[PDB]
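Here you get one chain, nothing else, as structure tokens; it is the form deposited in one PDB entry.
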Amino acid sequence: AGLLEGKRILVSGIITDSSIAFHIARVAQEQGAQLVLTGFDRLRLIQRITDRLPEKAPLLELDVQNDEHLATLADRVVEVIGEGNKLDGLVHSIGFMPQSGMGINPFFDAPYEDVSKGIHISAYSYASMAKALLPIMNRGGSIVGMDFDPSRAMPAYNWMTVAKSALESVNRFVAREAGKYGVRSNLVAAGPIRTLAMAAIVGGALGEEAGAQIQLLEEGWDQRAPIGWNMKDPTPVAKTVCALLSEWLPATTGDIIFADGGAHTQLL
């Protein structure tokens, strides 16, 4: 019997096999969870990617900017998991900011239309997914979202950092709503992970100076972390998400759990 034996968990945010959500899904299945996946836009690709997970998982389309996708989401989940069953967990692993809001593009030059799209996808959608799915979640259930510590400004991340600050605030209000259902809501603040997008940025996709600054940020992270930090290994992040989905942190909600090697607790 695994950490999540028999639990029904919805996992958003898989796009490649380097997505943090891919490893969340893998570890959850290793620990006995039965998954429902949601994917955005490139559903043929996502299906082929998730064929590599240890167990079969039904895939549902979900664009979090599409009010109609959200209005049907709960019914579509029930079609998959069966009438009379509910979800035990919800993983939000969704983030986006248009290029104008990141990289070497000046902070002041991001038009609000772009910033607003990034905040819609990266922060507001944490509330609207909770709105859609709380009516079909069991008492004792768990909502978990992915965070990148925005308490201090940093180069290049720019308006994505602002979106994460908003997300942390949203999580504290979602916890108030979720508590009425006996459900917890928490974020995992991860250290940097070399996803396909992050590797491309370090390669210069958003400008050379931005790539240079993000590379220096990654190096200092492993240096500061008392137990080190391996940006090529998302398994410690996936395990921490699974910890929050289990019943082993039953009095934690509205909160942020750091899976970052301890880097944020050290100055140098």
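Note that residue numbering follows the sequence shown and begins at 1. Think of the rigid core as the biggest set of C-alphas that the two forms share within 1.5 Å after superposition.
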Worksheet entry | Greater mean Cα temperature factor according to the PDB record, 153 to 161 or 192 to 200 | 192 to 200
Worksheet item: Looking at the deposited entry, does 236 to 244 or 46 to 54 carry the larger mean Cα B-factor?
Response: 46 to 54
Discussion item. Just to confirm, going by the entry's C-alpha B-factors, which of 231, 28, 64, 206 comes out highest?
Written reply: 206
Discussion item. For the CA B factor values reported in this entry, which option in 116, 186, 169, 105 has the top one?
Written reply: 105
Item to complete: Can you work out whether the C-alpha temperature factor of residue 90 puts it in the lowest, middle or highest third of the chain?
Response: lowest
Practice prompt. Report the third (lowest, middle or highest) to which the CA temperature factor of residue 147 belongs, ranking only the modelled residues of the same chain.
Written response: lowest
Worksheet, complete the sentence: residue 268: C-alpha B-factor third of its chain, per the entry, is the highest
Response to the item:
By the entry's values, the third containing the CA B factor of residue 100 is the middle
Discussion item. How does the C-alpha B factor of residue 138 compare with the rest of the chain: lowest, middle or highest third?
Written reply: highest
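The protein also exists as the form deposited in another entry; that form is not presented, and the subsequent description refers to it.
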Practice prompt. State which of the options 231, 59, 243, 205 undergoes a Cα shift of 2 Å or more between the shown form and the other one, taking the core as fixed.
Written response: 205
Discussion item. Please check whether, in that other deposited form, the CA atoms of residue 223 and residue 205 lie closer or farther apart than here, given a change of 3 Å or more.
Written reply: closer
Worksheet item: Against the shown form, C-alpha atoms of residue 155 and residue 205 in that other deposited form: closer or farther, for a change of 3 Å or more?
Response: closer
